[PDB]
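J.: Coordinates in coords.cif, mmCIF, C-alpha atoms, are listed below.
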data_model
loop_
_atom_site.group_PDB
_atom_site.id
_atom_site.type_symbol
_atom_site.label_atom_id
_atom_site.label_comp_id
_atom_site.auth_asym_id
_atom_site.auth_seq_id
_atom_site.Cartn_x
_atom_site.Cartn_y
_atom_site.Cartn_z
ATOM 1 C CA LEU G 634 7.924 34.491 1.598
ATOM 2 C CA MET G 635 9.212 34.426 -1.977
ATOM 3 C CA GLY G 636 10.558 30.943 -1.329
ATOM 4 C CA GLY G 637 14.113 29.849 -0.842
ATOM 5 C CA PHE G 638 16.609 29.350 1.962
ATOM 6 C CA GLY G 639 16.402 31.817 4.809
ATOM 7 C CA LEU G 640 20.027 32.285 5.816
ATOM 8 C CA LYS G 641 21.248 34.104 8.905
ATOM 9 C CA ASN G 642 24.672 34.629 7.311
ATOM 10 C CA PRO G 643 23.951 34.703 3.565
ATOM 11 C CA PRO G 644 26.549 34.719 0.775
ATOM 12 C CA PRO G 645 28.371 38.020 1.169
ATOM 13 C CA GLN G 646 27.889 40.884 -1.229
ATOM 14 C CA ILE G 647 30.722 41.167 -3.735
ATOM 15 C CA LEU G 648 31.030 44.807 -4.703
ATOM 16 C CA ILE G 649 33.017 46.045 -7.680
ATOM 17 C CA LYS G 650 33.991 49.537 -8.848
ATOM 18 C CA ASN G 651 36.276 51.116 -11.431
ATOM 19 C CA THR G 652 39.035 53.077 -9.738
ATOM 20 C CA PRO G 653 38.611 56.735 -10.788
ATOM 21 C CA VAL G 654 41.435 57.817 -13.082
ATOM 22 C CA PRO G 655 41.326 61.622 -13.398
ATOM 23 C CA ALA G 656 41.927 63.714 -16.481
ATOM 24 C CA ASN G 657 44.577 66.441 -16.646
ATOM 25 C CA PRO G 658 44.651 68.735 -13.604
ATOM 26 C CA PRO G 659 45.446 72.435 -14.063
ATOM 27 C CA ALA G 660 48.888 73.853 -13.378
ATOM 28 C CA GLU G 661 47.922 75.877 -10.313
ATOM 29 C CA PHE G 662 46.710 73.991 -7.258
ATOM 30 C CA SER G 663 42.946 73.868 -6.747
ATOM 31 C CA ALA G 664 40.939 73.052 -3.636
ATOM 32 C CA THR G 665 37.838 71.707 -5.416
ATOM 33 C CA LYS G 666 37.972 67.930 -5.838
ATOM 34 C CA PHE G 667 37.572 66.919 -9.557
ATOM 35 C CA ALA G 668 34.994 67.764 -12.230
ATOM 36 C CA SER G 669 36.673 65.653 -14.924
ATOM 37 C CA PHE G 670 37.607 61.970 -15.016
ATOM 38 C CA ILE G 671 38.519 59.622 -17.829
ATOM 39 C CA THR G 672 35.403 57.799 -19.012
ATOM 40 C CA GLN G 673 36.113 54.098 -18.700
ATOM 41 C CA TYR G 674 34.510 50.745 -18.015
ATOM 42 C CA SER G 675 35.625 47.220 -17.290
ATOM 43 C CA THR G 676 34.867 43.762 -18.579
ATOM 44 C CA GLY G 677 35.917 40.282 -17.604
ATOM 45 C CA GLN G 678 34.664 36.892 -16.556
ATOM 46 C CA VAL G 679 33.160 35.631 -13.297
ATOM 47 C CA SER G 680 32.760 32.047 -12.039
ATOM 48 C CA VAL G 681 30.282 30.922 -9.384
ATOM 49 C CA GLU G 682 30.454 27.283 -8.274
ATOM 50 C CA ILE G 683 27.827 26.153 -5.761
ATOM 51 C CA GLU G 684 27.987 22.630 -4.377
ATOM 52 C CA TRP G 685 24.499 21.403 -3.487
ATOM 53 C CA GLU G 686 23.437 18.546 -1.217
ATOM 54 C CA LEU G 687 20.709 16.329 -2.606
ATOM 55 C CA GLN G 688 18.128 14.222 -0.789
ATOM 56 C CA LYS G 689 17.621 11.009 -2.752
ATOM 57 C CA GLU G 690 14.098 9.665 -2.653
ATOM 58 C CA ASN G 691 13.209 6.567 -0.647
ATOM 59 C CA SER G 692 9.786 5.818 -2.063
ATOM 60 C CA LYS G 693 7.792 2.600 -2.187
ATOM 61 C CA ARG G 694 5.132 4.036 -4.470
ATOM 62 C CA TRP G 695 3.896 1.516 -7.023
ATOM 63 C CA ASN G 696 2.422 3.524 -9.906
ATOM 64 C CA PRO G 697 4.585 5.988 -11.896
ATOM 65 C CA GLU G 698 5.285 9.498 -10.692
ATOM 66 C CA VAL G 699 4.369 12.741 -12.422
ATOM 67 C CA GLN G 700 7.611 14.181 -13.750
ATOM 68 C CA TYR G 701 8.559 17.264 -15.728
ATOM 69 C CA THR G 702 8.609 16.259 -19.382
ATOM 70 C CA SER G 703 9.081 18.240 -22.561
ATOM 71 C CA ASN G 704 6.164 18.400 -24.983
ATOM 72 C CA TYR G 705 6.745 15.604 -27.499
ATOM 73 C CA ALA G 706 5.252 17.083 -30.671
ATOM 74 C CA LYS G 707 6.230 18.593 -34.000
ATOM 75 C CA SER G 708 6.892 22.045 -32.569
ATOM 76 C CA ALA G 709 7.789 25.341 -34.183
ATOM 77 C CA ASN G 710 10.578 26.105 -31.707
ATOM 78 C CA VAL G 711 12.309 24.043 -29.033
ATOM 79 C CA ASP G 712 11.476 25.185 -25.503
ATOM 80 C CA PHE G 713 14.236 26.661 -23.288
ATOM 81 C CA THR G 714 16.443 27.296 -26.347
ATOM 82 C CA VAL G 715 17.466 30.145 -28.662
ATOM 83 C CA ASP G 716 15.389 31.562 -31.521
ATOM 84 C CA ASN G 717 15.932 32.543 -35.158
ATOM 85 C CA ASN G 718 17.968 35.557 -33.989
ATOM 86 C CA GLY G 719 19.364 34.318 -30.687
ATOM 87 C CA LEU G 720 17.029 35.239 -27.820
ATOM 88 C CA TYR G 721 17.010 32.742 -24.965
ATOM 89 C CA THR G 722 13.349 32.477 -23.971
ATOM 90 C CA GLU G 723 12.290 30.527 -20.909
ATOM 91 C CA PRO G 724 8.728 29.523 -21.851
ATOM 92 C CA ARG G 725 7.228 28.542 -18.507
ATOM 93 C CA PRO G 726 8.066 28.605 -14.795
ATOM 94 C CA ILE G 727 9.252 25.226 -13.541
ATOM 95 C CA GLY G 728 8.593 24.451 -9.887
ATOM 96 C CA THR G 729 10.194 21.639 -7.964
ATOM 97 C CA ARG G 730 7.289 19.690 -6.424
ATOM 98 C CA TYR G 731 6.740 16.692 -8.670
ATOM 99 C CA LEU G 732 7.471 13.736 -6.403
ATOM 100 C CA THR G 733 5.140 12.194 -3.853
ATOM 101 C CA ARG G 734 6.024 11.504 -0.248
ATOM 102 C CA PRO G 735 3.109 10.316 1.934
ATOM 103 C CA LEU G 736 2.145 12.818 4.595
ATOM 104 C CA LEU F 634 13.114 -11.030 -33.616
ATOM 105 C CA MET F 635 10.686 -10.562 -30.729
ATOM 106 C CA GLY F 636 13.324 -8.488 -28.969
ATOM 107 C CA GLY F 637 15.454 -9.403 -26.020
ATOM 108 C CA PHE F 638 18.819 -10.976 -25.282
ATOM 109 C CA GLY F 639 19.887 -13.749 -27.609
ATOM 110 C CA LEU F 640 21.723 -16.146 -25.316
ATOM 111 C CA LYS F 641 23.782 -19.125 -26.422
ATOM 112 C CA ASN F 642 23.411 -20.729 -22.982
ATOM 113 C CA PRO F 643 20.091 -19.375 -21.679
ATOM 114 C CA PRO F 644 18.709 -19.820 -18.154
ATOM 115 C CA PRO F 645 18.086 -23.546 -17.824
ATOM 116 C CA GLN F 646 14.617 -25.013 -17.814
ATOM 117 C CA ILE F 647 13.419 -25.874 -14.319
ATOM 118 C CA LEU F 648 11.013 -28.772 -14.619
ATOM 119 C CA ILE F 649 8.690 -29.892 -11.845
ATOM 120 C CA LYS F 650 6.419 -32.925 -11.461
ATOM 121 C CA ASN F 651 4.356 -34.583 -8.744
ATOM 122 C CA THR F 652 5.743 -38.009 -7.931
ATOM 123 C CA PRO F 653 3.011 -40.551 -8.789
ATOM 124 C CA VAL F 654 1.603 -42.134 -5.639
ATOM 125 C CA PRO F 655 -0.495 -45.158 -6.657
ATOM 126 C CA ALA F 656 -3.784 -46.300 -5.198
ATOM 127 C CA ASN F 657 -4.305 -49.780 -3.747
ATOM 128 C CA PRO F 658 -2.901 -52.597 -5.895
ATOM 129 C CA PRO F 659 -4.756 -55.921 -6.077
ATOM 130 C CA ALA F 660 -3.696 -58.931 -4.041
ATOM 131 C CA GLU F 661 -2.501 -61.037 -6.968
ATOM 132 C CA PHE F 662 0.458 -59.768 -8.967
ATOM 133 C CA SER F 663 -0.357 -58.026 -12.245
ATOM 134 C CA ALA F 664 1.866 -57.287 -15.225
ATOM 135 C CA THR F 665 0.001 -54.186 -16.447
ATOM 136 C CA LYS F 666 1.496 -50.985 -15.041
ATOM 137 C CA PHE F 667 -1.178 -48.887 -13.179
ATOM 138 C CA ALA F 668 -4.629 -47.601 -14.150
ATOM 139 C CA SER F 669 -5.238 -45.868 -10.810
ATOM 140 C CA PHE F 670 -3.246 -43.220 -8.950
ATOM 141 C CA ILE F 671 -4.101 -40.891 -6.102
ATOM 142 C CA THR F 672 -5.262 -37.557 -7.504
ATOM 143 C CA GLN F 673 -3.010 -34.903 -6.026
ATOM 144 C CA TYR F 674 -1.412 -31.548 -6.714
ATOM 145 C CA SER F 675 1.230 -29.351 -5.168
ATOM 146 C CA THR F 676 1.566 -25.744 -4.134
ATOM 147 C CA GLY F 677 4.367 -23.625 -2.781
ATOM 148 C CA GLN F 678 6.396 -20.509 -3.360
ATOM 149 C CA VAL F 679 9.124 -19.681 -5.880
ATOM 150 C CA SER F 680 11.708 -16.869 -5.817
ATOM 151 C CA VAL F 681 13.547 -15.518 -8.859
ATOM 152 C CA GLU F 682 16.233 -12.890 -8.242
ATOM 153 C CA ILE F 683 17.909 -11.423 -11.329
ATOM 154 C CA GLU F 684 20.757 -8.964 -10.895
ATOM 155 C CA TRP F 685 20.868 -6.543 -13.826
ATOM 156 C CA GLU F 686 23.702 -4.313 -15.026
ATOM 157 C CA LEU F 687 22.694 -0.774 -15.894
ATOM 158 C CA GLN F 688 24.284 1.682 -18.310
ATOM 159 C CA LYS F 689 24.044 5.160 -16.799
ATOM 160 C CA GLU F 690 23.556 7.921 -19.322
ATOM 161 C CA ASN F 691 26.349 10.347 -20.177
ATOM 162 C CA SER F 692 24.385 13.000 -22.017
ATOM 163 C CA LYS F 693 25.129 16.660 -22.649
ATOM 164 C CA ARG F 694 21.686 17.381 -24.054
ATOM 165 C CA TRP F 695 20.388 20.797 -23.033
ATOM 166 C CA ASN F 696 16.593 20.652 -23.334
ATOM 167 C CA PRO F 697 14.550 18.145 -21.272
ATOM 168 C CA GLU F 698 14.100 14.546 -22.324
ATOM 169 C CA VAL F 699 10.845 12.778 -23.115
ATOM 170 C CA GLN F 700 10.193 10.423 -20.222
ATOM 171 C CA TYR F 701 7.451 7.974 -19.328
ATOM 172 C CA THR F 702 4.981 9.835 -17.136
ATOM 173 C CA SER F 703 1.624 8.873 -15.702
ATOM 174 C CA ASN F 704 -1.414 10.818 -16.879
ATOM 175 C CA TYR F 705 -1.930 13.591 -14.323
ATOM 176 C CA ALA F 706 -5.715 13.978 -14.342
ATOM 177 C CA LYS F 707 -8.797 13.212 -12.284
ATOM 178 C CA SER F 708 -9.047 9.615 -13.467
ATOM 179 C CA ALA F 709 -11.613 6.909 -12.862
ATOM 180 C CA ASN F 710 -9.014 4.240 -12.081
ATOM 181 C CA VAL F 711 -5.275 4.368 -11.448
ATOM 182 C CA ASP F 712 -3.238 2.800 -14.251
ATOM 183 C CA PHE F 713 -1.198 -0.373 -13.564
ATOM 184 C CA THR F 714 -3.225 -1.071 -10.397
ATOM 185 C CA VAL F 715 -6.105 -3.264 -9.204
ATOM 186 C CA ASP F 716 -9.806 -2.638 -9.838
ATOM 187 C CA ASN F 717 -13.036 -2.669 -7.825
ATOM 188 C CA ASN F 718 -12.821 -6.478 -7.633
ATOM 189 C CA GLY F 719 -9.078 -7.057 -7.829
ATOM 190 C CA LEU F 720 -7.988 -7.537 -11.448
ATOM 191 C CA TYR F 721 -4.494 -6.269 -12.203
ATOM 192 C CA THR F 722 -4.814 -4.596 -15.603
ATOM 193 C CA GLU F 723 -1.768 -3.349 -17.464
ATOM 194 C CA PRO F 724 -3.274 -0.553 -19.584
ATOM 195 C CA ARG F 725 -0.609 0.016 -22.225
ATOM 196 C CA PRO F 726 2.659 -1.499 -23.456
ATOM 197 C CA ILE F 727 5.684 0.392 -22.164
ATOM 198 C CA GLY F 728 8.790 0.301 -24.339
ATOM 199 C CA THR F 729 12.232 1.331 -23.214
ATOM 200 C CA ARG F 730 13.412 3.889 -25.797
ATOM 201 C CA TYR F 731 12.825 7.289 -24.238
ATOM 202 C CA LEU F 732 16.316 8.752 -23.953
ATOM 203 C CA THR F 733 18.319 10.411 -26.701
ATOM 204 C CA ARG F 734 21.872 9.532 -27.624
ATOM 205 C CA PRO F 735 23.209 11.277 -30.760
ATOM 206 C CA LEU F 736 23.851 8.890 -33.616
#
Any chance you could put this one into structure tokens?

T.:
Amino acid sequence: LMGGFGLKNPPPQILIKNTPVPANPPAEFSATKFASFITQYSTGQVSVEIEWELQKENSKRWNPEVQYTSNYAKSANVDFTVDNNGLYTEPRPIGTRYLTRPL
Amino acid sequence: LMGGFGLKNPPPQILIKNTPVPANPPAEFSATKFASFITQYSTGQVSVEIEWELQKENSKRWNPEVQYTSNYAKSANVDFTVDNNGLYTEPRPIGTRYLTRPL
């Protein structure tokens, strides 16, 4: 209901976790698990590469279509770009229904 | 200077003419050529089929381009179409420079 592709078998969840590295244990053996670990975190890169399958239009419409254009004007800031101090701001929600197939 | 493709050897001129069919000549021979033909005209169809060669864009522009769109509004008449009594009216001159290559 939020839109999208209802998948029976969706892309699987990729779960990630830092392996717990403990701090120094005491010299006598203890039964209680651990109240002290080494504080750590990870970083790294991650690539996602989705191949899509397009449906090219087969229209015999005469007049021009309505297509998503940028606002051609002397603007203060370029839309869908960074700012004076680097904040990527998406200005408006873009749908996908711009072309016209007859019903 | 009006724009276009300066060709050394352009498409050749196709010239067409009704063959003159004369009216009735007099019984005695005359030297003067003809002051009377049969009034006629032709009609028919004509096909012109130009194959063009396109140059697909190779851009790495981020933000959207400015493209030729139709005016999306409740309009009185659809642009580049016929009218209430069939007059094809081109409303505006359309150029071709809408895309952006860096200099």

J.: Set the distance at 8 Å and use all atoms listed in the file: which residues neighbour range 647-652 of chain G once local chain neighbours fewer than 5 positions away are removed? I'd like the list as a PyMOL selection string.

T.: chain G and resi 673-675

J.: Record the distance separating CA of residue 714 in chain F and CA of residue 733 in chain G, expressed in Å with one decimal.

T.: 17.0 Å

J.: If we count only C-alpha atoms and set the cut-off at 12 Å, which residues sit around residue 728 in chain G, ignoring sequence neighbours fewer than 6 positions away in its own chain? Please answer as a ChimeraX atom specification.

T.: /G:636-637,700-701

J.: Both chains have the same sequence, so match all Cα atoms in order, fit chain G onto chain F by least squares, and return it as an mmCIF file with C-alpha atoms, in the frame of the given file.

T.:
data_model
loop_
_atom_site.group_PDB
_atom_site.id
_atom_site.type_symbol
_atom_site.label_atom_id
_atom_site.label_comp_id
_atom_site.auth_asym_id
_atom_site.auth_seq_id
_atom_site.Cartn_x
_atom_site.Cartn_y
_atom_site.Cartn_z
ATOM 1 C CA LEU G 634 13.114 -11.031 -33.615
ATOM 2 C CA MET G 635 10.686 -10.562 -30.730
ATOM 3 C CA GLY G 636 13.324 -8.488 -28.969
ATOM 4 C CA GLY G 637 15.454 -9.404 -26.020
ATOM 5 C CA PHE G 638 18.819 -10.977 -25.282
ATOM 6 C CA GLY G 639 19.887 -13.748 -27.609
ATOM 7 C CA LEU G 640 21.722 -16.146 -25.316
ATOM 8 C CA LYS G 641 23.782 -19.125 -26.422
ATOM 9 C CA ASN G 642 23.411 -20.729 -22.983
ATOM 10 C CA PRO G 643 20.091 -19.375 -21.679
ATOM 11 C CA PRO G 644 18.709 -19.821 -18.154
ATOM 12 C CA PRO G 645 18.086 -23.545 -17.824
ATOM 13 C CA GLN G 646 14.617 -25.013 -17.813
ATOM 14 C CA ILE G 647 13.419 -25.874 -14.319
ATOM 15 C CA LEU G 648 11.012 -28.772 -14.620
ATOM 16 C CA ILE G 649 8.690 -29.891 -11.845
ATOM 17 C CA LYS G 650 6.419 -32.925 -11.461
ATOM 18 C CA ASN G 651 4.356 -34.582 -8.744
ATOM 19 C CA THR G 652 5.743 -38.009 -7.931
ATOM 20 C CA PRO G 653 3.011 -40.551 -8.789
ATOM 21 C CA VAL G 654 1.603 -42.134 -5.639
ATOM 22 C CA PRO G 655 -0.496 -45.158 -6.657
ATOM 23 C CA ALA G 656 -3.784 -46.300 -5.198
ATOM 24 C CA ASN G 657 -4.305 -49.780 -3.747
ATOM 25 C CA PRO G 658 -2.900 -52.597 -5.895
ATOM 26 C CA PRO G 659 -4.756 -55.922 -6.077
ATOM 27 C CA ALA G 660 -3.696 -58.931 -4.041
ATOM 28 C CA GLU G 661 -2.501 -61.036 -6.967
ATOM 29 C CA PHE G 662 0.458 -59.768 -8.967
ATOM 30 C CA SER G 663 -0.357 -58.026 -12.245
ATOM 31 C CA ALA G 664 1.867 -57.287 -15.225
ATOM 32 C CA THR G 665 0.001 -54.186 -16.447
ATOM 33 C CA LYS G 666 1.496 -50.985 -15.041
ATOM 34 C CA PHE G 667 -1.178 -48.887 -13.179
ATOM 35 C CA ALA G 668 -4.628 -47.601 -14.150
ATOM 36 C CA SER G 669 -5.238 -45.868 -10.810
ATOM 37 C CA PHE G 670 -3.246 -43.220 -8.949
ATOM 38 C CA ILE G 671 -4.101 -40.891 -6.102
ATOM 39 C CA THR G 672 -5.262 -37.557 -7.504
ATOM 40 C CA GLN G 673 -3.010 -34.903 -6.026
ATOM 41 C CA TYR G 674 -1.412 -31.548 -6.714
ATOM 42 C CA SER G 675 1.230 -29.351 -5.168
ATOM 43 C CA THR G 676 1.566 -25.744 -4.134
ATOM 44 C CA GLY G 677 4.367 -23.625 -2.782
ATOM 45 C CA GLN G 678 6.396 -20.510 -3.360
ATOM 46 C CA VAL G 679 9.124 -19.681 -5.880
ATOM 47 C CA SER G 680 11.708 -16.869 -5.818
ATOM 48 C CA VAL G 681 13.547 -15.519 -8.859
ATOM 49 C CA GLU G 682 16.233 -12.890 -8.242
ATOM 50 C CA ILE G 683 17.909 -11.423 -11.329
ATOM 51 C CA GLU G 684 20.757 -8.964 -10.895
ATOM 52 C CA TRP G 685 20.868 -6.543 -13.826
ATOM 53 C CA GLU G 686 23.702 -4.313 -15.025
ATOM 54 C CA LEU G 687 22.694 -0.775 -15.894
ATOM 55 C CA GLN G 688 24.285 1.682 -18.310
ATOM 56 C CA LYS G 689 24.043 5.160 -16.799
ATOM 57 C CA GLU G 690 23.556 7.921 -19.322
ATOM 58 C CA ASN G 691 26.349 10.346 -20.177
ATOM 59 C CA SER G 692 24.385 13.000 -22.017
ATOM 60 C CA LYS G 693 25.129 16.660 -22.648
ATOM 61 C CA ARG G 694 21.686 17.381 -24.054
ATOM 62 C CA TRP G 695 20.388 20.797 -23.033
ATOM 63 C CA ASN G 696 16.593 20.652 -23.334
ATOM 64 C CA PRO G 697 14.549 18.145 -21.272
ATOM 65 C CA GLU G 698 14.100 14.547 -22.324
ATOM 66 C CA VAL G 699 10.845 12.778 -23.115
ATOM 67 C CA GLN G 700 10.194 10.422 -20.222
ATOM 68 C CA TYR G 701 7.451 7.974 -19.328
ATOM 69 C CA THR G 702 4.981 9.834 -17.137
ATOM 70 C CA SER G 703 1.624 8.873 -15.702
ATOM 71 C CA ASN G 704 -1.414 10.819 -16.879
ATOM 72 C CA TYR G 705 -1.930 13.591 -14.323
ATOM 73 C CA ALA G 706 -5.715 13.978 -14.341
ATOM 74 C CA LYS G 707 -8.797 13.212 -12.284
ATOM 75 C CA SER G 708 -9.048 9.615 -13.466
ATOM 76 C CA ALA G 709 -11.614 6.909 -12.861
ATOM 77 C CA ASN G 710 -9.014 4.240 -12.080
ATOM 78 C CA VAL G 711 -5.275 4.368 -11.448
ATOM 79 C CA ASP G 712 -3.238 2.800 -14.251
ATOM 80 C CA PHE G 713 -1.198 -0.373 -13.564
ATOM 81 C CA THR G 714 -3.225 -1.071 -10.397
ATOM 82 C CA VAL G 715 -6.105 -3.264 -9.204
ATOM 83 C CA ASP G 716 -9.806 -2.638 -9.838
ATOM 84 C CA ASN G 717 -13.036 -2.669 -7.824
ATOM 85 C CA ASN G 718 -12.821 -6.479 -7.633
ATOM 86 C CA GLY G 719 -9.078 -7.057 -7.829
ATOM 87 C CA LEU G 720 -7.988 -7.537 -11.448
ATOM 88 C CA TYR G 721 -4.494 -6.269 -12.203
ATOM 89 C CA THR G 722 -4.814 -4.596 -15.603
ATOM 90 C CA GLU G 723 -1.768 -3.349 -17.464
ATOM 91 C CA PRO G 724 -3.274 -0.553 -19.585
ATOM 92 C CA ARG G 725 -0.609 0.016 -22.225
ATOM 93 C CA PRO G 726 2.659 -1.499 -23.456
ATOM 94 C CA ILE G 727 5.684 0.391 -22.164
ATOM 95 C CA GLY G 728 8.791 0.301 -24.339
ATOM 96 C CA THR G 729 12.232 1.331 -23.215
ATOM 97 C CA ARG G 730 13.412 3.890 -25.797
ATOM 98 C CA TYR G 731 12.825 7.289 -24.238
ATOM 99 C CA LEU G 732 16.316 8.753 -23.953
ATOM 100 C CA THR G 733 18.319 10.411 -26.701
ATOM 101 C CA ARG G 734 21.873 9.532 -27.624
ATOM 102 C CA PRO G 735 23.209 11.278 -30.760
ATOM 103 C CA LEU G 736 23.851 8.890 -33.616
#

J.: For chain G against chain F, which residues fall within 9 Å using all atoms listed in the file, given as a list in words?

T.: residues 695, 696, 697, 698, 699, 700, 701, 702, 703, 704, 705, 711, 712, 713 and 714 of chain G

J.: Mind giving me the straight-line distance from CA of residue 672 in chain G to CA of residue 646 in chain G in Å, one decimal?

T.: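 Result for CA of residue 672 in chain G versus CA of residue 646 in chain G: 25.7 Å, one decimal.
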
J.: Suppose you want the space between CA of residue 683 in chain G and CA of residue 729 in chain G; what is it in Å?

T.: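 Computing the Euclidean distance for CA of residue 683 in chain G and CA of residue 729 in chain G yields 18.3 Å.
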
J.: Give the centre and edge lengths of an axis-aligned box, in Å to one decimal, that holds all listed atoms of range 721-733 of chain F with 4 Å on each side, as lines of an AutoDock Vina configuration file.

T.:
center_x = 6.8
center_y = 2.1
center_z = -19.5
size_x = 31.1
size_y = 24.7
size_z = 22.5
